[PDB]
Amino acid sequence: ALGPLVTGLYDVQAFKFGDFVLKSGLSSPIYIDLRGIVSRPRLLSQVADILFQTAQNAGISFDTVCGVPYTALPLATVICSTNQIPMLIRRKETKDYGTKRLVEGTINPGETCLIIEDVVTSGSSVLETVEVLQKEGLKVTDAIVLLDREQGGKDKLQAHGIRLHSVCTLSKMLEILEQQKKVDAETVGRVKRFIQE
């Protein structure tokens, strides 16, 4: 069902082309922004559903769910509300200022927390949230992400005991967009070539 999902994303302007610098400091000709999904109720639901379905298809076990701040937060909420799962919230809005504790919700050490994320590049953002949760005594083995950019994330997460499960890779997303005439072939070629370097 990726074709409709990707089009849906394109139509909330999820795909930005231009010259960007990523969290990891990499230049990129493309930037994928899922903040707009909250403007299209059905699309937000579709994204929540496919994320959850990805976790279920993998056959994994978890007691609770945490979104990586900020864009993934509503996705976690919809998943948890629809499927009746307790949720944890990592509060990042005051960063490391003062001494208030960073994680909201019921933390029962030994329980497994599933991570929900929007886009993974290097993997560092997921891992930062993973470490925070592990330091509270929670077990964390799996992360589900909507878009894997395929820039080292799976391998970096696996090096820390985390299995990355993605709905779609960047290359598959670019292929759908070209097939659907949303982006031209030269842009896809340029974007792929650039990323490779």
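All residue numbers are counted from 1 along the displayed sequence.
Colleague: Per the entry, where is the mean C-alpha temperature factor higher: 117-125 or 103-111?
Modeller: Higher of the two, by average CA B-factor, is 103-111.
Colleague: Regarding 41-49 and 132-140, which shows the higher C-alpha temperature factor on average in the entry?
Modeller: Stretch with the greater average CA B-factor: 41-49.
Colleague: Ordered by C-alpha B-factor within the chain, which third holds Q84? Give me lowest, middle or highest, please.
Modeller: According to the entry, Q84 has a C-alpha B-factor in the chain's highest third.
Colleague: Sorting the chain's modelled residues by C-alpha B-factor, tell me whether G152 ends up in the lowest, middle or highest third.
Modeller: Within its chain, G152 is a highest-third residue by C-alpha B-factor, going by the deposited values.
Colleague: Report the third (lowest, middle or highest) to which the CA temperature factor of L22 belongs, ranking only the modelled residues of the same chain.
Modeller: CA B-factor rank for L22: middle third.
Colleague: Check where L9 lands among this chain's C-alpha B-factors and tell me if it's the lowest, middle or highest third.
Modeller: Within its chain, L9 is a middle-third residue by C-alpha B-factor, going by the deposited values.
Colleague: Is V68 in the lowest, middle or highest third of its chain when residues are ranked by C-alpha B-factor?
Modeller: Lowest third, going by the recorded CA B-factors of the chain.
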